[PDB]
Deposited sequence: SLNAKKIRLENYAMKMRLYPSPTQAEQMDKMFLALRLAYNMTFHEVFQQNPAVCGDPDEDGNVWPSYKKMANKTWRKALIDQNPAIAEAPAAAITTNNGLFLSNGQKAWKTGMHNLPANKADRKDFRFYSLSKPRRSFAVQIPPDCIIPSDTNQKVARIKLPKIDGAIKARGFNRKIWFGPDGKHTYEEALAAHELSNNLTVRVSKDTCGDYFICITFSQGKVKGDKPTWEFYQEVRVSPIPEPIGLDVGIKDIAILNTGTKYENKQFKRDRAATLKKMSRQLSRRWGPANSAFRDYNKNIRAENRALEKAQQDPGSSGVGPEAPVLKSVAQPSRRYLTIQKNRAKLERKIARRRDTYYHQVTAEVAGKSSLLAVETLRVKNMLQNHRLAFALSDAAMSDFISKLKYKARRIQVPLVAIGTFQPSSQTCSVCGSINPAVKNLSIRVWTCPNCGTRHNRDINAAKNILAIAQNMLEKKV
């Protein structure tokens, strides 16, 4: 009963939790920043139609940026020459197929800017990288020899990363996954038996709070015949005798089953709505940004800064020492702002994290019991017409639940399509 049956994974991403050293964390942050500068400068230059970064002209004169050319060593060399602070990102994170230009920029231009020529396209529509949307990720390639799990502990890895010395300790090593021809090996067994891909992708990210993670993408190479290039398995639990289940959605519950069991969404927002709201108004009048009193203050300071620099540069001819230049800065938020900013970030990550874990648990207990899902809709726009659930949807996210159910019904290969729930299941059986 409830046997841990192995499943063949099409892909994976071992989301773990790195514990870097202070200096190593600083280096990783510098790497994020260098990627940000690369993205900003390259896409700042693509709009001046620069053929050194843009592709070739057309029969009608149209030009798009070419991304096979941004993965050449020549433009990367030009970027390193322009500023050195960009030299710190790994070339595998910029030039390879999962890099800063062949993965981010490709989707960014192909969807955000609707795939239209770079001379007919605007600059205010493109969203650059800044504090609102920073670059908190990089995808480099390492061999399995840099993934050496801790011998004593069944949850501690030891990950070595490029340009990085120290072999990160990555807690949370998912040891529910087994490698080999039939998934009967540990990690060391497959590493020694040479059953692991020589170049595996890792994505170090830094979340809203200062917290560095990793996502190792165990992934089969090709689909030649019925045999993937590499194979690895995960063990999951299923009810001993599954039966068809028509899931139902209510007002005060997160999910209702046709059998009778119901899971209650404990409203993680409203219970902490008071503290979230008080912290929100708290930051609203602190020393930092998002204050409307010092945002305008620093915008002003920047305004007279550029005004005075213009007045001293050209009219003053900038000979040697004209007048007495004062530069100041855009000012920094004070720590008492940072402490409550981080506290609110921690609280809201904890709230969404409780939501995610609750949905994980509920989906796990509903996935095994159901051999055929009968959900109504995969989308939110097909249930907002009546607006009855909008009040519940304000604090409860149906999309996370729907996506989790959708992909977890695929691991068991379960096809996806109380009285009302039973009627829904009967209709699903009919069609």
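Numbering the deposited sequence from 1, one finds several regions with no C-alpha coordinates, namely 418-459, 474-478.
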